[PDB]
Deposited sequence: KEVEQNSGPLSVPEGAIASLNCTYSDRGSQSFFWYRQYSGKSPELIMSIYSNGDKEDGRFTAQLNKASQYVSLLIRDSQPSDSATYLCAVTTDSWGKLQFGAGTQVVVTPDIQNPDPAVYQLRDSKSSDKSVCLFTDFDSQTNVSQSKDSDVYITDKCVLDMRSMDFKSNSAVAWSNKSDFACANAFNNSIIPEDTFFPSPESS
């Protein structure tokens, strides 16, 4: 058996994501860390064979065979690092995997401008979505209580050429009472959230 720390671990951008792993077989000789993005395959990022520290870019694997303990530290965490990290232990050439530890790296939003915008379907103006965006990583988005209102969780986009990152959550509904002023009513949003008028007719 291989056991890993409880997740998701929320790590601010720039900070260290600390991952632990304990194994039961005392005769284990090879230790590995896999990174698995959502909907993707496990990718081997680190291997360690003898006690002490091994470094590779922003990763640092740490092994203590006496304490049957393996570590992975992620320095200067980027939202790019948000993935599940799996621990794998072996003796010779089966591989014993842990359940994983999901790591969520929240972006550093230095200039938030929280707002909810109404976006119209390019094919029909009747249909629209409400876009909650540009809020700092201190805001969390509650799921929909109503069954005919759909709300997605916050998502980080990075405009790489401008070095500009921003959060956003999307909400939509066929309900007649649905409006952008009501859309995120179940979440604790900033008091100064901008709500532009939807413009009549």
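> Could you list, start to end, the deposited-sequence stretches with no C-alpha atoms?
Residues missing from the model, as numbered along the full deposited sequence, span 1, 95-96.
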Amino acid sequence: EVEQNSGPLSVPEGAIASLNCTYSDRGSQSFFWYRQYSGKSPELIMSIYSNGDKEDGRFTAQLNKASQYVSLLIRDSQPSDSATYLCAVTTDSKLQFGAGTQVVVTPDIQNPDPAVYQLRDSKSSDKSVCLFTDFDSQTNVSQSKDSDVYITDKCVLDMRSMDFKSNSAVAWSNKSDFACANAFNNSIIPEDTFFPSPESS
From here on, numbers count along this sequence of modelled residues.
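> Report the stretch with the higher mean CA temperature factor, choosing between 53-61 and 142-150 on the basis of the entry.
For C-alpha atoms only, the mean B-factor is higher in 142-150.
> State which stretch shows the higher mean Cα B factor in the entry: 114-122 or 84-92.
Here the higher of the two C-alpha B-factor means belongs to 84-92.
> Check the PDB entry and point out which of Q68, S161, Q36, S168 has the largest C-alpha temperature factor.
So the option with the highest C-alpha B-factor is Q68.
> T133's Cα B-factor: lowest, middle or highest third of the chain?
Its C-alpha B-factor, which the entry lists for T133, ranks in the lowest third among residues of this chain.
> Would you please rank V156 by its C-alpha temperature factor against the other modelled residues of its chain and give the third it falls in: lowest, middle or highest?
Ranked within chain, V156 CA B lands in the lowest tercile.
> Classify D177 as lowest, middle or highest third according to the C-alpha B-factor given in the PDB entry, relative to its own chain.
It belongs to the highest third of the chain when residues are ordered by C-alpha B-factor.
> Sorting the chain's modelled residues by C-alpha B-factor, tell me whether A17 ends up in the lowest, middle or highest third.
Lowest third of the chain for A17's C-alpha B-factor.
> Is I48 in the lowest, middle or highest third of its chain when residues are ranked by C-alpha B-factor?
Its C-alpha B-factor, which the entry lists for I48, ranks in the highest third among residues of this chain.
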